[PDB]
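Enquirer: This one is an experimental structure. Sequence first:
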Amino acid sequence: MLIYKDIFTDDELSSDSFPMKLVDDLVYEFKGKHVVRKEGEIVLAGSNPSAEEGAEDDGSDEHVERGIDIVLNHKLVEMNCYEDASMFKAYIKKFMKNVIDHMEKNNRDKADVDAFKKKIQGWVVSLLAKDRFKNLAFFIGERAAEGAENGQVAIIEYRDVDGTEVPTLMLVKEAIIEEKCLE
(Lines give C-alpha, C1' and ligand atoms only; values in the text may rest on other atoms or scores of the structure.)
Protein backbone atom coordinates (compact mmCIF):
# COMPACT_ATOMS: atom_id res chain seq x y z
CA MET A 1 0.00 0.00 0.00
CA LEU A 2 1.74 3.19 -1.23
CA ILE A 3 0.64 6.29 0.73
CA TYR A 4 0.65 9.58 -1.22
CA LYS A 5 0.66 13.06 0.37
CA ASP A 6 0.67 16.35 -1.58
CA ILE A 7 1.97 19.63 -0.14
CA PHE A 8 -1.68 20.82 -0.47
CA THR A 9 -3.55 17.47 -0.05
CA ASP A 10 -1.85 16.95 3.35
CA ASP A 11 -5.41 16.92 4.79
CA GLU A 12 -6.81 13.72 3.20
CA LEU A 13 -3.61 12.03 1.87
CA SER A 14 -4.45 8.39 0.96
CA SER A 15 -3.03 4.94 0.05
CA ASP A 16 -3.17 3.14 -3.34
CA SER A 17 -1.13 0.80 -5.59
CA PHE A 18 -0.18 2.29 -8.99
CA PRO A 19 3.16 2.47 -10.95
CA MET A 20 4.33 5.82 -12.43
CA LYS A 21 6.92 7.24 -14.89
CA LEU A 22 8.86 10.31 -13.63
CA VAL A 23 9.50 12.48 -16.72
CA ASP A 24 12.15 15.25 -16.70
CA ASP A 25 12.45 14.69 -12.90
CA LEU A 26 9.43 17.04 -12.68
CA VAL A 27 6.14 15.08 -13.05
CA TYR A 28 4.81 11.51 -12.75
CA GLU A 29 3.32 10.11 -15.98
CA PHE A 30 0.56 7.46 -15.66
CA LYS A 31 -0.85 5.23 -18.44
CA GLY A 32 -4.65 5.15 -18.85
CA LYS A 33 -7.37 3.40 -20.90
CA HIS A 34 -10.74 4.50 -22.37
CA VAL A 35 -13.38 2.47 -20.47
CA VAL A 36 -17.04 2.56 -19.35
CA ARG A 37 -18.71 2.14 -15.91
CA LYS A 38 -22.46 1.34 -15.95
CA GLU A 39 -24.49 -0.87 -13.56
CA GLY A 40 -25.98 -2.57 -16.65
CA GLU A 41 -23.24 -2.13 -19.31
CA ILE A 42 -19.56 -2.89 -19.98
CA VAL A 43 -18.51 -1.97 -23.56
CA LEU A 44 -15.04 -0.35 -23.89
CA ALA A 45 -14.05 -1.85 -27.30
CA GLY A 46 -15.26 1.26 -29.19
CA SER A 47 -12.13 2.30 -31.13
CA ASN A 48 -13.76 5.08 -33.18
CA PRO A 49 -15.66 7.68 -31.01
CA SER A 50 -13.21 10.12 -29.34
CA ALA A 51 -13.76 11.87 -25.97
CA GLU A 52 -11.49 14.86 -25.15
CA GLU A 53 -13.64 15.59 -22.07
CA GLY A 54 -15.49 13.35 -19.61
CA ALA A 55 -19.28 13.08 -19.26
CA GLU A 56 -22.48 14.86 -18.17
CA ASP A 57 -24.50 12.46 -15.94
CA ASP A 58 -24.14 12.33 -12.13
CA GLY A 59 -22.62 8.83 -12.41
CA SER A 60 -20.38 9.41 -9.33
CA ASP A 61 -16.57 8.88 -9.24
CA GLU A 62 -16.43 5.06 -9.62
CA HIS A 63 -19.75 4.69 -11.51
CA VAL A 64 -19.23 7.07 -14.50
CA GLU A 65 -20.50 5.26 -17.64
CA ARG A 66 -17.98 7.32 -19.68
CA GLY A 67 -14.44 7.88 -18.41
CA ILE A 68 -10.82 6.69 -18.17
CA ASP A 69 -9.41 3.64 -16.32
CA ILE A 70 -7.21 6.01 -14.25
CA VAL A 71 -10.08 7.89 -12.57
CA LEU A 72 -12.87 5.27 -12.50
CA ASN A 73 -10.67 2.73 -10.66
CA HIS A 74 -9.23 5.41 -8.33
CA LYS A 75 -12.61 7.12 -7.66
CA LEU A 76 -12.05 10.58 -9.21
CA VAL A 77 -14.91 12.88 -10.34
CA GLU A 78 -14.56 15.31 -13.29
CA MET A 79 -14.10 19.03 -12.60
CA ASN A 80 -14.43 21.26 -15.69
CA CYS A 81 -11.78 23.92 -16.46
CA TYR A 82 -14.31 26.80 -16.82
CA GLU A 83 -15.20 26.49 -13.09
CA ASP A 84 -11.91 25.01 -11.80
CA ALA A 85 -10.22 28.25 -13.01
CA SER A 86 -10.05 29.58 -9.41
CA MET A 87 -9.22 26.15 -7.93
CA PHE A 88 -6.14 25.14 -10.00
CA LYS A 89 -5.03 28.82 -10.02
CA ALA A 90 -5.12 28.76 -6.19
CA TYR A 91 -3.29 25.40 -6.04
CA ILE A 92 -0.58 26.70 -8.43
CA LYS A 93 -0.24 29.79 -6.20
CA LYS A 94 0.37 27.71 -3.03
CA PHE A 95 2.38 25.15 -5.04
CA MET A 96 4.88 27.55 -6.68
CA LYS A 97 5.41 29.35 -3.36
CA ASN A 98 5.89 26.11 -1.37
CA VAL A 99 8.07 24.21 -3.90
CA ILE A 100 10.59 27.04 -4.41
CA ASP A 101 10.56 27.75 -0.65
CA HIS A 102 11.28 24.11 0.36
CA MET A 103 13.85 23.82 -2.47
CA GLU A 104 15.96 26.88 -1.54
CA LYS A 105 15.59 25.71 2.10
CA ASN A 106 17.79 22.65 1.38
CA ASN A 107 19.81 23.43 -1.80
CA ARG A 108 20.21 27.27 -1.53
CA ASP A 109 21.97 27.52 -4.94
CA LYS A 110 20.40 30.32 -7.03
CA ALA A 111 21.63 28.61 -10.24
CA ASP A 112 19.84 25.33 -9.41
CA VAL A 113 16.52 26.64 -7.99
CA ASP A 114 16.27 28.93 -11.05
CA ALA A 115 16.73 25.85 -13.28
CA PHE A 116 14.05 23.96 -11.31
CA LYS A 117 11.72 26.98 -11.52
CA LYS A 118 12.30 26.91 -15.31
CA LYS A 119 11.14 23.25 -15.43
CA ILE A 120 7.80 24.01 -13.75
CA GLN A 121 7.56 27.38 -15.58
CA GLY A 122 7.59 25.66 -18.99
CA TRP A 123 5.14 23.02 -17.73
CA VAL A 124 2.53 25.49 -16.39
CA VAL A 125 2.83 28.08 -19.22
CA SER A 126 2.32 25.31 -21.82
CA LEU A 127 -0.35 23.46 -19.78
CA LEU A 128 -2.33 26.69 -19.24
CA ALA A 129 -2.45 27.36 -23.03
CA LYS A 130 -6.27 27.57 -22.93
CA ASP A 131 -7.47 27.24 -26.56
CA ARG A 132 -5.39 24.08 -27.29
CA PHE A 133 -5.44 22.41 -23.84
CA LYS A 134 -9.12 23.50 -23.66
CA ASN A 135 -9.98 19.76 -23.80
CA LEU A 136 -8.12 18.89 -20.54
CA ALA A 137 -9.89 17.48 -17.46
CA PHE A 138 -9.30 18.13 -13.72
CA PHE A 139 -10.22 15.03 -11.66
CA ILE A 140 -10.46 15.42 -7.87
CA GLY A 141 -10.59 12.73 -5.15
CA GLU A 142 -13.97 11.29 -4.03
CA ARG A 143 -13.24 12.29 -0.40
CA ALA A 144 -12.58 15.92 -1.43
CA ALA A 145 -15.51 16.19 -3.87
CA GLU A 146 -17.91 14.85 -1.21
CA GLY A 147 -16.17 16.73 1.63
CA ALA A 148 -15.68 20.06 -0.21
CA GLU A 149 -12.04 20.04 1.01
CA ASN A 150 -8.56 20.52 -0.53
CA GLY A 151 -8.13 17.11 -2.16
CA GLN A 152 -5.67 16.47 -5.01
CA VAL A 153 -6.60 17.78 -8.48
CA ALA A 154 -5.04 15.30 -10.93
CA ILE A 155 -4.08 16.62 -14.40
CA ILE A 156 -5.72 14.52 -17.16
CA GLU A 157 -3.86 15.03 -20.46
CA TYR A 158 -4.73 13.91 -24.01
CA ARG A 159 -1.82 12.16 -25.79
CA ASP A 160 -1.56 9.55 -28.57
CA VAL A 161 1.22 6.96 -29.06
CA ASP A 162 2.06 6.77 -32.80
CA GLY A 163 -1.66 7.48 -33.38
CA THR A 164 -3.23 5.44 -30.54
CA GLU A 165 -5.07 8.01 -28.40
CA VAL A 166 -4.57 7.31 -24.67
CA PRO A 167 -5.47 9.35 -21.53
CA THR A 168 -2.24 10.34 -19.72
CA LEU A 169 -2.27 11.37 -16.04
CA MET A 170 0.36 13.77 -14.66
CA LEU A 171 1.22 14.87 -11.09
CA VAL A 172 4.10 17.14 -9.96
CA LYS A 173 6.83 15.40 -7.91
CA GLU A 174 7.64 18.50 -5.80
CA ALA A 175 3.96 18.45 -4.76
CA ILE A 176 3.27 14.71 -4.43
CA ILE A 177 5.37 12.84 -1.81
CA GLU A 178 5.18 9.04 -1.34
CA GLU A 179 5.33 6.74 1.72
CA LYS A 180 6.72 3.26 1.00
CA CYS A 181 4.66 0.39 2.49
CA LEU A 182 5.17 -2.90 0.60
CA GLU A 183 7.42 -5.17 2.70
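Expert: In hand now; what should we look at? Residues are numbered from 1 along each chain as shown.
Enquirer: Could you find the closest non-adjacent residue to the spatially most central residue of the chain?
Expert: Centroid check for the chain by Cα atoms, centre = their mean gives residue 154 as the closest residue, at 1.9 Å. Of all residues not flanking residue 154 in the chain, residue 139 sits nearest, at 4.8 Å (Cβ to Cβ, 6 or more residues apart in numbering). Yep, even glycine has a C-beta here, placed from its N, CA and C like the rest.
Enquirer: In contact with the one you found, which residues?
Expert: Going by Cβ atoms under 8 Å, 6 or more residues apart in numbering, residue 139 touches 70, 71, 76, 77, 78, 79, 153, 154, 156.
Enquirer: Likewise for residue 80?
Expert: So residue 80 contacts 53, 137, 138 (Cβ under 8 Å, 6+ apart).
Enquirer: Quick check: the first one touching residue 137?
Expert: In other words, residue 53. Yes. With contact defined as Cβ atoms under 8 Å, residue 53 counts as touching residue 137 (5.8 Å).
Enquirer: can you list residues touching both of the two?
Expert: With Cβ under 8 Å, 6+ apart as the test, residue 53 and residue 137 both reach 78, 80.
Enquirer: Please say which of those two ends up with more neighbours.
Expert: Each of residue 53 and residue 137 has its neighbours counted (other Cβ atoms under 10 Å); residue 137 has more, 23 against 15.
Enquirer: distance of the more buried one from residue 71?
Expert: 8 Å (Cβ to Cβ, to the nearest Å).
Enquirer: Now list whatever residues contact both of the two.
Expert: In terms of Cβ under 8 Å, 6+ apart, residue 137 and residue 71 are both contacted by the residues 78, 156.
Enquirer: what are the phi and psi angles of the nearest residue to residue 126 once chain neighbours are set aside?
Expert: Spatial nearest neighbour of residue 126, chain neighbours left out: residue 133 (7.9 Å); criterion: Cβ to Cβ, 6+ apart. Residue 133 adopts backbone torsions of phi -70, psi 0, taken as degrees, to the nearest 10.
Enquirer: count of residues packed around residue 133?
Expert: Neighbours around residue 133, by other Cβ under 10 Å: 14.
Enquirer: How about residue 130?
Expert: Using other Cβ under 10 Å, residue 130 is surrounded by 9 other residues.
Enquirer: Would you quantify the distance from it to residue 93?
Expert: 18 Å.
Enquirer: With residue 145 instead?
Expert: Taking Cβ to Cβ, one finds residue 145 at 21 Å from residue 93.
Enquirer: More neighbours: which of those two?
Expert: Of the pair residue 145 and residue 93, residue 145 is the one with more neighbours under other Cβ under 10 Å, namely 18 against 10.
Enquirer: Distance-wise, check that one relative to residue 63.
Expert: 13 Å.
Enquirer: Over to residue 136?
Expert: 23 Å.
Enquirer: Which one's more surrounded, these two?
Expert: In this view residue 136 and residue 63 are compared by other Cβ under 10 Å, and residue 136 has more residues nearby, 20 against 14.
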